[PDB]
Number of protein chains: 4
Amino acid sequence: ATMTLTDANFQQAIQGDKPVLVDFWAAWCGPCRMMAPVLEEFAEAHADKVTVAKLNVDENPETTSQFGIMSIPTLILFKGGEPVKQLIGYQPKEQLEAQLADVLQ
Amino acid sequence: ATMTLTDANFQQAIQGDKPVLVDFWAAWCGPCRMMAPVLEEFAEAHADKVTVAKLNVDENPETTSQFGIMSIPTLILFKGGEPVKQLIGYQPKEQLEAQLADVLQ
Amino acid sequence: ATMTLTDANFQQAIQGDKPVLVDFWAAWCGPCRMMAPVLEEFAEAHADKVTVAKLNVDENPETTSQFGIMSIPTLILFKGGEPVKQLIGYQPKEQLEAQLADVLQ
Amino acid sequence: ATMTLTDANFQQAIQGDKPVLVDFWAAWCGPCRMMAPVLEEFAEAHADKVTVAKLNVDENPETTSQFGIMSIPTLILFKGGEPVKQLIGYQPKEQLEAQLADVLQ
Ligand SMILES: C[As](C)(=O)[O-]
Ligand SMILES: C[As](C)(=O)[O-]
Ligand SMILES: [Zn+2]
Ligand SMILES: [Zn+2]
Ligand SMILES: [Zn+2]
Ligand SMILES: [Zn+2]
Ligand SMILES: [Zn+2]
């Protein structure tokens with residue numbers, strides 16, 4: 001249920017009418033795998049409030065560099081086309097709920 | 001030229017006239033000292049469009065908690081009484097300028 | 001099941017052959033609260049392989065700066081008095097098992 | 001003089017004679033470009049004591065995943081056949097000196 005973003009379609013994605021939660025991940029990132037199902041389900045339950053997207057850092061160096069990613073996983077919540085929150089590391093469902101409580105209001 | 005905020009006066013502060021760029025810092029912070037001058041100059045050059053302030057996370061957990069802060073430093077531009085943009089880590093002069101050019105007009 | 005470390009007793013605590021996992025946490029860190037119980041069960045179940053400890057970054061800026069902490073929760077595994085692993089962010093029970101696979105033998 | 005390590009020749013390098021310092025990097029890494037000359041010079045000044053190598057995480061997902069890499073860059077010093085110390089993020093030459101020189105004899 002997650003939208004797949006690329007260096008090419010990134011800007012378009014975040015200029016949308018719904019906040020966008022972007023998962024910066026990689027295949028080599030063990031925690032990212034474990035997190036995928038949790039994020040997918042999170043996406044399914046709140047598609048009415050936020051769009052959850054994923055960006056493969058291995059294939060999109062431009063966007064990853066632009067937002068200064070330092071560690072993988074890293075999720076950035078975009079509102080109005082700007083980064084307003086940056087979640088570092090594994091995010092359990094309870095934290096996604098708590099951190100995006102505002103956009104989910 | 002850098003207002004000090006606390007849990008007690010924080011709410012009032014972000015409800016002021018000008019947008020407020022809040023630097024959440026900690027004594028253990030790595031690039032904060034290296035950032036102090038950058039923020040001073042930034043404040044000096046944008047006195048009319050923004051108020052630069054600092055919040056020591058070591059002594060103000062409530063606000064730090066509320067805004068889901070995890071990285072130090074974290075800069076959050078408040079406009080409309082809510083975060084409109086957030087930057088983490090060391091932000092040099094030009095990057096600060098490029099990143100904020102769009103939320104200060 | 002979890003010893004408390006400070007700037008004053010930190011060096012002594014890591015000066016041994018038995019691995020020590022140090023959770024660098026803060027009062028303002030929501031995730032950290034959610035993880036305390038996961039860390040506690042882990043400590044109890046692997047006391048024979050690793051010593052689990054906590055260091056409150058708000059009160060211990062020396063050690064925290066020494067190891068270059070940038071975000072909170074950060075757990076550092078020490079072996080032979082040197083940091084051999086830095087786990088960034090929330091660590092679910094399974095990630096702790098995976099990540100510390102080596103020491104758990 | 002730094003070696004380029006791959007999933008193919010990785011074990012062969014870290015398993016032998018002298019210590020091996022591996023720089024896990026990525027094209028999107030912020031401080032990696034800046035760190036390149038620093039790693040090269042530190043390597044030369046301690047060539048008898050350590051072999052310095054680079055591993056692109058994108059191109060070599062297996063080794064990256066095996067060592068639980070999360071932050072880019074991550075430096076891991078291998079002794080015998082295992083990690084004896086890890087550093088994350090940008091490191092100027094004097095920090096590589098302060099952090100690794102003593103552990104290299
Ligand atoms: C061996 As030297 C020049 O780093 O003291
Ligand atoms: C500073 As040295 C251990 O390379 O003589
Ligand atoms: Zn939900
Ligand atoms: Zn300007
Ligand atoms: Zn176990
Ligand atoms: Zn030296
Ligand atoms: Zn010397």
Side-chain angles (χ1 to χ4, degrees), chain A residues 70-71 86 88-89, chain B residues 23-36 54-65 67-75 88-90, chain C residues 2-16 19-36 39 43 50-79 81-91 99, chain D residues 31 70-71 73-75 85-92 94-96 98-100:
Chain A
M70 298 287 275
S71 55
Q86 183 173 132
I88 299 296
Chain B
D23 177 41
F24 294 82
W25 66 285
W28 46 266
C29 175
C32 293
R33 306 170 192 175
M34 198 177 123
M35 207 161 153
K54 292 199 169 186
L55 188 137
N56 181 352
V57 306
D58 299 335
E59 320 173 320
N60 298 277
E62 298 178 354
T63 308
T64 310
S65 177
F67 291 104
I69 291 141
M70 53 197 74
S71 296
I72 300 291
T74 288
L75 286 168
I88 64 140
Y90 174 67
Chain C
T2 56
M3 68 184 302
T4 298
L5 304 182
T6 60
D7 279 340
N9 66 25
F10 188 80
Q11 284 302 144
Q12 170 176 56
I14 61 165
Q15 293 313 149
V20 182
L21 177 64
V22 179
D23 170 25
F24 289 76
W25 70 288
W28 43 270
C29 165
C32 300
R33 169 164 303 91
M34 192 196 141
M35 201 184 157
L39 214 62
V50 58
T51 296
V52 183
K54 291 173 63 184
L55 184 52
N56 180 327
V57 303
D58 297 333
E59 317 304 306
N60 299 285
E62 289 167 16
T63 309
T64 305
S65 62
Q66 287 186 22
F67 291 97
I69 298 304
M70 298 297 270
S71 64
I72 291 302
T74 287
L75 295 82
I76 300 178
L77 176 61
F78 289 82
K79 305 182 187 181
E82 294 297 343
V84 306
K85 279 262 188 173
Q86 283 90 21
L87 314 178
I88 310 291
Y90 186 86
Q91 302 298 311
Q99 302 298 318
Chain D
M70 291 161 260
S71 307
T74 291
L75 295 176
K85 186 160 189 172
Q86 179 176 289
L87 302 185
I88 50 166
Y90 176 76
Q91 309 288 330
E94 55 274 21
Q95 273 304 314
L96 288 178
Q99 294 291 324
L100 310 168

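Numbered from 1 within each chain, the chains take letters A, B, ... in sequence-line order. Hydrogens, waters and symmetry mates are skipped; everything else that's a heavy atom, side chains included, is used.
B:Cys29 contributes atom SG, which lies 8.0 Å from atom CE of B:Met35 (distance to the nearest 0.5 angstrom). We find the CD1-CG distance between C:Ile76 and C:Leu87 to be 9.0 Å, quoted to the nearest 0.5 Å. Rounded to the nearest 0.5 angstrom, B:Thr63 OG1 and B:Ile69 CD1 are separated by 7.5 Å. Of the inter-residue distances, the one linking C:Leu5 atom CG with C:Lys54 atom NZ reads 11.0 Å to the nearest 0.5 angstrom. Taken to the nearest 0.5 Å, the CZ atom of B:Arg33 stands 7.0 Å off from the OG atom of C:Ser65. Rounding to the nearest 0.5 Å gives a distance of 12.5 Å between CE of C:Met34 and CG of C:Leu39.
A donor-acceptor pair under 3.5 Å links the side-chain atoms of C:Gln86 to the main chain of D:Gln86, judged by distance alone. C:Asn60 places no side-chain N or O within donor-acceptor distance of the main-chain N or O of C:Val57, the cut-off being under 3.5 Å. No donor-acceptor pair under 3.5 Å is formed between the side chain of C:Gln11 and the backbone N or O of C:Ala8. Panel note: side chain D:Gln91, backbone D:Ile88; a donor-acceptor pair is recorded below 3.5 Å. When atom types are taken as modelled, the side chain of B:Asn56 and the backbone of B:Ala26 share no donor-acceptor pair closer than 3.5 angstrom. At least one donor-acceptor pair under 3.5 Å links the side chain of C:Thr74 to the backbone N or O of C:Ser71.
Nearest heavy-atom pair, B:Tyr90 versus B:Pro31, reported as atom, atom and distance to 0.1 Å: CB-CB, 3.7 Å. Residues C:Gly81 and C:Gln15 share a closest heavy-atom pair of CA-NE2, 4.5 Å. Of all heavy-atom pairs spanning B:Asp58 and B:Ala27, the tightest one is OD2-N, 3.0 Å. For C:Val50 against C:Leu21, the heavy-atom pair with the smallest separation is CG2-N, 3.8 Å.
C:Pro19 is not listed as a side-chain neighbour of C:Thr51, based on a closest heavy-atom distance of 4.5 Å or more. C:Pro83 has its side chain out of reach of C:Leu77: every pair of non-hydrogen atoms, C-beta onward, lies at least 4.5 Å apart. Between B:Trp25 and B:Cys32, the closest side-chain pair of non-hydrogen atoms falls below 4.5 Å. Using a 4.5 Å cut-off on side-chain heavy atoms (C-beta onward), C:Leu55 and C:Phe10 make contact.
Taking the six-membered ring where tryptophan is involved, the planes of B:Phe24 and B:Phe67 are tilted, since the angle between them lies from 30° to 60°.
More than 12 heavy atoms of other shown residues, nucleotides or ligands fall within 6.0 angstrom of atom CD in D:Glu94.
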Item to check | Steps toward side-chain contact (heavy atoms from CB on, under 4.5 Å) verdict (C:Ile72, C:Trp28) | outcome: CA-CA 9 Å; C:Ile72 291 302; C:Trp28 43 270; 3.5 Å; yes
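When the salt bridge (charged side-chain N to carboxylate O under 4.0 Å, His left out) test is applied to C:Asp23, no partner is found at least two apart in sequence or on another chain.
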